[PDB]
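What follows is the content of final-v9.txt (compact mmCIF, C-alpha atoms and all ligand atoms).
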# COMPACT_ATOMS: atom_id res chain seq x y z
CA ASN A 1 120.96 101.95 60.47
CA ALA A 2 121.47 104.39 63.35
CA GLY A 3 117.75 104.33 64.15
CA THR A 4 117.80 100.55 64.59
CA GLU A 5 120.78 100.65 66.97
CA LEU A 6 119.20 103.47 69.00
CA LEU A 7 115.95 101.47 69.15
CA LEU A 8 117.83 98.39 70.37
CA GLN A 9 119.59 100.44 73.05
CA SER A 10 116.24 101.90 74.14
CA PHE A 11 114.60 98.48 74.42
CA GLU A 12 117.57 97.01 76.30
CA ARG A 13 117.81 99.83 78.83
CA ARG A 14 114.04 100.12 79.35
CA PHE A 15 113.52 96.38 79.85
CA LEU A 16 116.53 95.99 82.16
CA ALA A 17 115.33 98.93 84.27
CA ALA A 18 111.80 97.43 84.42
CA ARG A 19 110.30 100.67 83.11
CA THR A 20 106.59 100.99 82.40
CA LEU A 21 105.23 99.07 79.41
CA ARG A 22 103.76 102.27 77.95
CA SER A 23 107.29 103.74 77.78
CA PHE A 24 108.49 101.22 75.17
CA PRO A 25 108.87 102.78 71.67
CA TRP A 26 106.41 100.48 69.94
CA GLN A 27 105.78 102.77 66.96
CA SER A 28 109.40 102.80 65.76
CA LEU A 29 109.34 99.01 66.03
CA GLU A 30 106.10 99.01 64.01
CA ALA A 31 107.73 101.05 61.25
CA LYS A 32 110.89 98.93 61.21
CA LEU A 33 108.86 95.71 61.06
CA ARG A 34 106.72 97.12 58.24
CA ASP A 35 109.78 98.12 56.21
CA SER A 36 111.56 94.74 56.55
CA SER A 37 110.19 91.19 56.63
CA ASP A 38 113.31 90.17 58.58
CA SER A 39 112.59 88.72 62.02
CA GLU A 40 116.24 89.24 63.02
CA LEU A 41 115.31 92.60 64.58
CA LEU A 42 112.85 90.84 66.88
CA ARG A 43 115.57 88.27 67.60
CA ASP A 44 118.00 91.05 68.53
CA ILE A 45 115.34 92.55 70.81
CA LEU A 46 114.91 89.09 72.35
CA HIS A 47 118.63 88.69 73.03
CA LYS A 48 118.98 92.24 74.40
CA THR A 49 116.03 91.82 76.79
CA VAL A 50 114.78 88.52 78.23
CA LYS A 51 117.91 86.68 77.05
CA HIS A 52 120.32 89.42 78.13
CA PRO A 53 123.00 87.94 80.45
CA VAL A 54 122.24 90.37 83.28
CA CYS A 55 118.55 89.38 83.07
CA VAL A 56 119.54 85.71 82.98
CA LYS A 57 121.46 86.14 86.22
CA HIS A 58 118.89 88.47 87.87
CA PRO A 59 115.47 88.09 86.24
CA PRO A 60 112.70 90.63 86.83
CA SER A 61 109.22 89.68 87.98
CA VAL A 62 107.76 86.94 85.79
CA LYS A 63 104.68 89.12 85.22
CA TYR A 64 106.85 91.73 83.49
CA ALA A 65 108.49 89.07 81.32
CA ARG A 66 105.23 87.47 80.19
CA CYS A 67 103.50 90.79 79.46
CA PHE A 68 106.52 92.00 77.48
CA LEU A 69 106.76 88.76 75.49
CA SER A 70 103.01 88.72 74.81
CA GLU A 71 103.07 92.29 73.47
CA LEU A 72 106.17 91.48 71.41
CA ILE A 73 104.40 88.44 69.92
CA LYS A 74 101.39 90.65 69.18
CA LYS A 75 103.62 93.11 67.33
CA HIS A 76 105.28 90.21 65.49
CA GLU A 77 101.93 88.85 64.30
CA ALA A 78 100.97 92.02 62.39
CA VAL A 79 103.75 91.61 59.81
CA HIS A 80 104.55 88.54 57.68
CA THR A 81 103.98 85.35 59.69
CA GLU A 82 107.43 83.86 59.39
CA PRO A 83 107.32 81.99 62.72
CA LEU A 84 110.37 82.75 64.85
CA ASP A 85 110.86 79.66 67.02
CA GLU A 86 112.93 81.57 69.58
CA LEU A 87 110.13 83.93 70.66
CA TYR A 88 107.65 81.11 71.26
CA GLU A 89 110.22 78.88 72.96
CA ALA A 90 111.22 81.75 75.24
CA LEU A 91 107.58 82.47 76.11
CA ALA A 92 107.17 78.75 76.82
CA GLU A 93 110.12 78.90 79.23
CA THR A 94 108.73 81.98 81.01
CA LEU A 95 105.28 80.48 81.37
CA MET A 96 105.93 76.78 81.81
CA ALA A 97 108.25 76.83 84.82
CA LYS A 98 109.05 78.43 88.18
CA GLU A 99 107.32 80.98 90.44
CA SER A 100 107.36 84.76 90.84
CA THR A 101 110.17 84.77 93.47
CA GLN A 102 111.51 88.36 93.74
CA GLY A 103 112.02 91.16 91.25
CA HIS A 104 115.24 92.77 90.03
CA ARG A 105 116.04 95.97 88.13
CA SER A 106 119.37 96.36 86.37
CA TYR A 107 121.09 99.48 85.03
CA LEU A 108 123.94 99.42 82.52
CA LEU A 109 127.14 101.40 83.06
CA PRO A 110 129.64 102.80 80.52
CA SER A 111 132.36 100.46 81.82
CA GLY A 112 130.39 97.44 80.56
CA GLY A 113 129.30 96.52 84.08
CA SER A 114 125.88 96.87 85.64
CA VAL A 115 124.15 97.81 88.88
CA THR A 116 121.61 95.16 89.90
CA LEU A 117 119.04 96.09 92.55
CA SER A 118 116.38 93.95 94.23
CA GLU A 119 113.91 96.73 94.91
CA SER A 120 110.41 95.63 95.89
CA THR A 121 106.86 96.99 95.94
CA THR A 122 108.40 104.64 99.42
CA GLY A 123 112.15 104.17 99.80
CA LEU A 124 112.02 100.59 98.48
CA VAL A 125 111.95 101.92 94.89
CA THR A 126 114.49 103.57 92.58
CA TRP A 127 113.26 107.09 91.92
CA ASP A 128 114.28 108.98 88.80
CA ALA A 129 116.29 111.66 90.61
CA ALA A 130 118.59 108.85 91.74
CA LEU A 131 119.22 108.06 88.06
CA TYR A 132 119.74 111.77 87.34
CA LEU A 133 122.27 112.18 90.16
CA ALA A 134 124.07 108.96 89.16
CA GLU A 135 124.41 110.22 85.58
CA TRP A 136 125.68 113.59 86.80
CA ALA A 137 128.20 111.85 89.06
CA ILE A 138 129.36 109.71 86.13
CA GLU A 139 129.90 112.81 83.99
CA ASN A 140 131.68 114.62 86.87
CA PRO A 141 133.87 111.90 88.42
CA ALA A 142 136.43 114.37 89.80
CA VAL A 143 133.98 115.32 92.55
CA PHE A 144 134.06 111.85 94.13
CA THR A 145 137.37 110.24 93.14
CA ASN A 146 139.25 109.20 96.31
CA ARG A 147 136.79 111.30 98.33
CA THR A 148 134.54 110.49 101.27
CA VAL A 149 130.90 110.57 100.13
CA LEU A 150 127.83 110.61 102.38
CA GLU A 151 124.40 110.00 100.85
CA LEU A 152 121.32 111.16 102.76
CA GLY A 153 118.32 108.92 102.17
CA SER A 154 120.02 106.35 99.95
CA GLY A 155 116.84 104.31 99.50
CA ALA A 156 117.58 101.35 97.24
CA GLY A 157 121.14 102.63 96.85
CA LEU A 158 121.26 103.01 93.06
CA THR A 159 123.16 106.30 93.10
CA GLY A 160 125.74 105.12 95.62
CA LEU A 161 126.37 101.81 93.86
CA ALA A 162 126.79 103.59 90.52
CA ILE A 163 129.24 106.03 92.13
CA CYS A 164 131.19 103.20 93.78
CA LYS A 165 131.47 101.38 90.45
CA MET A 166 132.20 104.45 88.29
CA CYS A 167 133.90 107.26 90.25
CA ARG A 168 136.20 105.30 92.63
CA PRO A 169 135.54 107.03 95.97
CA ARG A 170 137.76 106.45 98.98
CA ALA A 171 134.72 105.59 101.11
CA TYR A 172 130.95 105.71 100.69
CA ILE A 173 128.45 106.00 103.54
CA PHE A 174 124.91 104.98 102.66
CA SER A 175 122.56 106.58 105.18
CA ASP A 176 118.84 106.15 105.84
CA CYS A 177 116.49 105.95 108.81
CA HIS A 178 113.99 103.24 107.81
CA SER A 179 115.03 99.75 108.89
CA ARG A 180 113.60 97.80 105.94
CA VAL A 181 115.20 100.29 103.55
CA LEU A 182 118.57 99.75 105.26
CA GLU A 183 118.14 95.97 105.13
CA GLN A 184 117.36 95.96 101.40
CA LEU A 185 120.21 98.44 100.95
CA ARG A 186 122.74 96.11 102.59
CA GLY A 187 121.38 93.23 100.52
CA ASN A 188 121.81 95.28 97.36
CA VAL A 189 125.34 96.35 98.31
CA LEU A 190 126.31 92.70 98.79
CA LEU A 191 124.44 91.76 95.59
CA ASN A 192 126.70 94.12 93.61
CA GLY A 193 129.90 92.60 95.00
CA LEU A 194 130.84 95.38 97.44
CA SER A 195 132.09 94.38 100.89
CA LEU A 196 131.26 96.47 103.93
CA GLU A 197 133.88 98.36 105.93
CA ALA A 198 133.08 96.28 109.03
CA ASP A 199 134.30 93.30 107.03
CA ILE A 200 138.01 93.27 106.21
CA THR A 201 138.34 95.37 103.08
CA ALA A 202 140.49 93.78 100.40
CA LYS A 203 143.13 95.34 98.11
CA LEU A 204 141.99 98.93 98.71
CA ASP A 205 140.28 99.23 95.33
CA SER A 206 137.04 98.38 96.92
CA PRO A 207 135.68 101.63 98.43
CA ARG A 208 135.06 101.42 102.17
CA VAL A 209 131.29 100.96 101.91
CA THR A 210 129.20 101.52 105.04
CA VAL A 211 125.43 101.46 105.49
CA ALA A 212 124.80 103.63 108.55
CA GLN A 213 121.53 104.61 110.18
CA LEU A 214 121.13 108.39 110.10
CA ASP A 215 117.73 109.76 111.10
CA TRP A 216 117.59 113.41 110.05
CA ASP A 217 115.33 114.41 112.94
CA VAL A 218 117.63 113.43 115.84
CA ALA A 219 121.07 113.25 114.20
CA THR A 220 123.54 114.90 116.56
CA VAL A 221 126.57 117.01 115.72
CA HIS A 222 128.80 114.28 117.18
CA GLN A 223 127.15 111.48 115.20
CA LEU A 224 127.45 113.50 111.99
CA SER A 225 131.04 114.46 112.89
CA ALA A 226 131.94 110.78 113.05
CA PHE A 227 131.42 110.37 109.29
CA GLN A 228 133.88 113.08 108.17
CA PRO A 229 132.41 113.50 104.66
CA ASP A 230 134.08 115.44 101.89
CA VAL A 231 130.94 115.34 99.71
CA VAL A 232 127.29 115.03 100.75
CA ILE A 233 124.60 114.11 98.22
CA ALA A 234 120.85 113.56 98.34
CA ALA A 235 118.29 112.57 95.70
CA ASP A 236 114.48 112.88 95.72
CA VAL A 237 114.52 113.68 99.44
CA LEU A 238 112.03 116.57 99.22
CA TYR A 239 108.88 114.51 99.71
CA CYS A 240 107.01 116.68 102.22
CA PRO A 241 107.48 120.39 103.01
CA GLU A 242 107.99 119.65 106.71
CA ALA A 243 110.99 117.39 106.00
CA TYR A 244 112.72 120.40 104.41
CA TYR A 245 113.46 121.72 107.89
CA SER A 246 114.82 118.38 109.10
CA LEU A 247 117.12 118.11 106.07
CA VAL A 248 118.28 121.73 106.38
CA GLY A 249 118.99 121.16 110.07
CA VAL A 250 121.06 118.10 109.21
CA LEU A 251 123.11 120.09 106.70
CA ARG A 252 123.50 122.87 109.28
CA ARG A 253 124.83 120.38 111.84
CA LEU A 254 127.08 118.79 109.22
CA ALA A 255 128.78 122.12 108.58
CA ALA A 256 128.93 122.81 112.34
CA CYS A 257 130.29 119.33 113.07
CA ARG A 258 133.89 120.11 112.02
CA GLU A 259 134.30 123.83 112.74
CA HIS A 260 138.00 123.33 112.00
CA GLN A 261 138.72 122.93 108.26
CA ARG A 262 136.20 123.56 105.49
CA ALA A 263 132.62 122.31 104.95
CA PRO A 264 131.79 119.59 102.41
CA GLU A 265 130.31 120.09 98.96
CA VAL A 266 126.55 119.41 99.06
CA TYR A 267 124.48 118.37 96.04
CA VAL A 268 120.71 117.85 96.23
CA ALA A 269 118.89 116.50 93.17
CA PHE A 270 115.12 116.21 92.96
CA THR A 271 112.26 115.65 90.54
CA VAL A 272 110.20 118.82 90.15
CA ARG A 273 106.75 117.36 90.82
CA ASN A 274 105.61 120.69 92.33
CA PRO A 275 107.36 124.06 91.78
CA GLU A 276 106.30 125.04 95.30
CA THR A 277 108.75 122.35 96.46
CA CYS A 278 111.76 124.07 94.88
CA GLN A 279 110.67 127.59 95.86
CA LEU A 280 110.05 126.66 99.50
CA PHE A 281 113.30 124.71 99.79
CA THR A 282 115.25 127.65 98.36
CA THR A 283 113.56 130.05 100.79
CA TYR A 284 114.40 127.78 103.74
CA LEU A 285 118.01 127.48 102.57
CA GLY A 286 118.29 131.26 102.29
CA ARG A 287 116.80 131.73 105.76
CA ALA A 288 119.24 129.19 107.23
CA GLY A 289 122.32 130.88 105.74
CA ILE A 290 123.12 128.19 103.15
CA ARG A 291 123.84 129.60 99.70
CA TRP A 292 122.59 127.73 96.66
CA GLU A 293 123.05 127.65 92.89
CA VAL A 294 121.26 125.67 90.18
CA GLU A 295 123.52 123.16 88.46
CA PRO A 296 123.11 123.14 84.65
CA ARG A 297 120.82 120.52 83.14
CA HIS A 298 122.89 117.58 81.92
CA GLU A 299 121.98 115.62 78.81
CA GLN A 300 120.12 112.47 79.87
CA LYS A 301 122.06 109.69 78.13
CA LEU A 302 122.49 106.38 80.01
CA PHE A 303 119.51 105.95 82.12
CA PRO A 304 115.87 105.62 81.05
CA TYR A 305 113.77 107.76 83.36
CA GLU A 306 110.37 106.59 84.55
CA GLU A 307 108.28 109.75 84.18
CA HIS A 308 110.43 112.32 82.29
CA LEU A 309 109.43 115.08 84.67
CA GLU A 310 111.60 118.17 85.00
CA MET A 311 114.70 117.33 87.03
CA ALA A 312 116.68 119.84 89.07
CA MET A 313 119.84 119.82 91.16
CA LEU A 314 121.16 122.40 93.61
CA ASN A 315 124.79 122.91 94.59
CA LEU A 316 124.75 124.22 98.16
CA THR A 317 127.55 126.16 99.85
CA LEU A 318 127.35 125.61 103.62
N1 LIG A 401 113.76 111.97 108.24
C1 LIG A 401 114.51 111.14 107.52
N2 LIG A 401 115.76 110.76 107.97
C2 LIG A 401 116.54 109.90 107.21
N3 LIG A 401 116.06 109.41 106.02
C3 LIG A 401 114.83 109.77 105.57
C4 LIG A 401 114.04 110.64 106.31
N4 LIG A 401 112.88 110.82 105.64
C5 LIG A 401 112.92 110.09 104.50
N5 LIG A 401 114.13 109.44 104.45
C6 LIG A 401 114.59 108.54 103.38
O1 LIG A 401 114.77 109.24 102.17
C7 LIG A 401 114.40 108.43 101.07
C8 LIG A 401 113.58 109.25 100.08
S1 LIG A 401 113.03 108.26 98.67
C9 LIG A 401 114.61 108.54 97.83
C10 LIG A 401 115.47 107.29 97.79
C11 LIG A 401 116.61 107.35 96.78
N6 LIG A 401 117.39 108.57 96.96
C12 LIG A 401 116.05 107.25 95.37
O2 LIG A 401 115.87 108.26 94.69
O3 LIG A 401 115.76 106.15 94.89
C13 LIG A 401 113.61 107.25 101.61
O4 LIG A 401 114.29 106.05 101.30
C14 LIG A 401 113.58 107.44 103.11
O5 LIG A 401 113.95 106.25 103.77
Final structure tokens representation of the file:
Amino acid sequence: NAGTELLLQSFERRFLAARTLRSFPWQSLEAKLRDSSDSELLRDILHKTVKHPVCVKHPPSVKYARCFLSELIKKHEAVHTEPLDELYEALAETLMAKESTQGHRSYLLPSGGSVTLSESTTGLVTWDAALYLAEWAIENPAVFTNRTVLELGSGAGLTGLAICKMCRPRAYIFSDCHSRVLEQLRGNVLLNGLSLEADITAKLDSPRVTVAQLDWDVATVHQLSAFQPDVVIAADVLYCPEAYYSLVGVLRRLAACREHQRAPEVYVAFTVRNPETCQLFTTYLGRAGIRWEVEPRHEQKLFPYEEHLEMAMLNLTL
């Protein structure tokens, strides 16, 4: 019984997150369909995916839906041909009507809510390290509760939206330098029901959410002072070795910004796509006077990661 529930959770989370088709656990479904002639498992998969309420409100790209339903029909055809009307009617609905419009990826939260993002086809995508950092923030809510959080390179804003909906920060500052990324970020913040600080904030439960432009290369000590962060986080921001120096300079300025009172806690998570990345970043941090420790690997529970590469996260003392 436990295997079936875990399989259903896997299918739900992987379809909602629009993960790659090859990542779906088709072999466990094959075994379960071979052991039972009951199409109710396929029906439960149907209701937890294409007919899931969060999908119904924010559907993914129609291509994804039709490929998924075609492969699910193909897996249904191998076992006893008890025709399930719901699968074919749903595929009819997907195919018969509408256009591609825009895509959506949704991520479920422990509170029963969800984070819905309208990321499109490199900052316009939700990288895995964002999922990793969001999970870590969910399992360590004391770091952010009623705190001021500044994210460097928010991208689509998955991590920040998850933190705003799970850890109750006092204020959250999404920061990026690319204009289209910031536009999609504001659209995603409004899509998830969060009102910006410029707008009149209501009831003080809503965190003061701001989407500020913050280019790492020219960010001044005054501009960074203006934010007054208690925590600074970044995820998958180590794309090129040259940007290491820009990011380290930004952290340097951030510490220097408020010489009076202490420096904020800095957490940098990244996908280890090249060990040279981590080694070079650590050497630069040591040369700049920032101390660093490796945070322990946390069990990956909620979110389905795209590539399952080795994840890492550094706690930096400024
Ligand atoms: N020099 C710079 N200054 C400010 N932001 C930068 C930057 N260089 C890259 N970025 C931003 O950093 C992001 C890295 S992609 C990571 C996005 C997000 N953290 C996620 O994991 O989904 C991009 O969105 C890009 O816009």
Compile the contact shell of region 158-163 of chain A as a VMD selection string: residues with an atom at most 10 Å away, counting only C-alpha atoms, same-chain residues fewer than 4 positions apart removed.
chain A and resid 106 to 109 113 to 117 119 125 to 127 129 to 138 141 144 to 145 149 to 151 154 167 to 169 172 to 174 185 188 to 189 192 to 194 209 233 to 235
Please produce an output containing C-alpha atoms for each residue in the selection, written as a compact mmCIF listing (two decimals), keeping the file's coordinate frame.
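Once written, result.txt looks like this:
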# COMPACT_ATOMS: atom_id res chain seq x y z
CA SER A 106 119.37 96.36 86.37
CA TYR A 107 121.09 99.48 85.03
CA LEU A 108 123.94 99.42 82.52
CA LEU A 109 127.14 101.40 83.06
CA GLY A 113 129.30 96.52 84.08
CA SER A 114 125.88 96.87 85.64
CA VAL A 115 124.15 97.81 88.88
CA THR A 116 121.61 95.16 89.90
CA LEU A 117 119.04 96.09 92.55
CA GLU A 119 113.91 96.73 94.91
CA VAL A 125 111.95 101.92 94.89
CA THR A 126 114.49 103.57 92.58
CA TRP A 127 113.26 107.09 91.92
CA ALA A 129 116.29 111.66 90.61
CA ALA A 130 118.59 108.85 91.74
CA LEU A 131 119.22 108.06 88.06
CA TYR A 132 119.74 111.77 87.34
CA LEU A 133 122.27 112.18 90.16
CA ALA A 134 124.07 108.96 89.16
CA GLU A 135 124.41 110.22 85.58
CA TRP A 136 125.68 113.59 86.80
CA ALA A 137 128.20 111.85 89.06
CA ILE A 138 129.36 109.71 86.13
CA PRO A 141 133.87 111.90 88.42
CA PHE A 144 134.06 111.85 94.13
CA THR A 145 137.37 110.24 93.14
CA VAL A 149 130.90 110.57 100.13
CA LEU A 150 127.83 110.61 102.38
CA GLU A 151 124.40 110.00 100.85
CA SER A 154 120.02 106.35 99.95
CA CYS A 167 133.90 107.26 90.25
CA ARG A 168 136.20 105.30 92.63
CA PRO A 169 135.54 107.03 95.97
CA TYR A 172 130.95 105.71 100.69
CA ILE A 173 128.45 106.00 103.54
CA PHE A 174 124.91 104.98 102.66
CA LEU A 185 120.21 98.44 100.95
CA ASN A 188 121.81 95.28 97.36
CA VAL A 189 125.34 96.35 98.31
CA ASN A 192 126.70 94.12 93.61
CA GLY A 193 129.90 92.60 95.00
CA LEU A 194 130.84 95.38 97.44
CA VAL A 209 131.29 100.96 101.91
CA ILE A 233 124.60 114.11 98.22
CA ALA A 234 120.85 113.56 98.34
CA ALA A 235 118.29 112.57 95.70
What is the distance, in Å and to one decimal place, between CA of residue 45 (chain A) and CA of residue 33 (chain A)?
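CA of residue 33 (chain A) lies at a distance of 12.1 Å from CA of residue 45 (chain A).
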Could you list, as a VMD selection string, all the residues within 7 Å of ligand LIG 401 (chain A), counting all atoms listed in the file?
chain A and resid 122 to 130 152 to 158 176 to 178 181 214 to 217 234 to 237 243 246
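Taking only C-alpha atoms into account, residue 170 (chain A) lies nearest to A:147 out of the set A:308, A:147, A:262, A:253.
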Taking all atoms listed in the file into account, name the residue in A:224, A:218, A:312, A:143 that is nearest to residue 265 (chain A).
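Smallest distance to residue 265 (chain A) is found for A:143.
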Proximity to residue 307 (chain A) - best of A:54, A:79, A:271, A:164, all atoms listed in the file:
A:271
Rounded to one decimal in Å, what is the spacing between CA of residue 53 (chain A) and CA of residue 203 (chain A)?
27.8 Å
At what distance in Å, to one decimal, does CA of residue 254 (chain A) lie from CA of residue 211 (chain A)?
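Computing the Euclidean distance for CA of residue 211 (chain A) and CA of residue 254 (chain A) yields 17.8 Å.
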Rank A:316, A:275, A:270, A:55 by their smallest atom-to-atom distance to residue 290 (chain A), using only C-alpha atoms, and report the top residue only.
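Of A:316, A:275, A:270, A:55, the one nearest residue 290 (chain A) is A:316, counting only C-alpha atoms.
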Box in all listed atoms of region 178-185 of chain A, axis-aligned, with 3 Å more on each side; write out centre and edge lengths in Å to one decimal as JSON.
{"center_x": 116.9, "center_y": 99.6, "center_z": 104.9, "size_x": 12.6, "size_y": 13.3, "size_z": 13.9}
Nearest candidate to residue 13 (chain A) (options A:103, A:60, A:304, A:241; using all atoms listed in the file)
A:304
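Considering the residues A:228, A:4, A:279, A:261 and counting all atoms listed in the file, residue 36 (chain A) has its shortest atom-to-atom contact with A:4.
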Set the distance at 9 Å and use all atoms listed in the file: which residues neighbour residue 42 (chain A) once local chain neighbours fewer than 5 positions away are removed? I'd like the list as a list in words.
residues 29, 33, 47, 72, 76, 84 and 87 of chain A
Need the shell around residue 61 (chain A): protein/DNA/RNA residues with any atom at most 7 Å away, counting only C-alpha atoms. Skip same-chain ones fewer than 4 positions apart. Format as an MDAnalysis selection string?
chainID A and resid 65 100 102:103
Can I get the selection written as a PDB file, in the frame of the given file, with C-alpha atoms?
ATOM      1  CA  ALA A  65     108.490  89.070  81.320  1.00  0.00           C
ATOM      2  CA  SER A 100     107.360  84.760  90.840  1.00  0.00           C
ATOM      3  CA  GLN A 102     111.510  88.360  93.740  1.00  0.00           C
ATOM      4  CA  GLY A 103     112.020  91.160  91.250  1.00  0.00           C
TER       5      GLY A 103
END
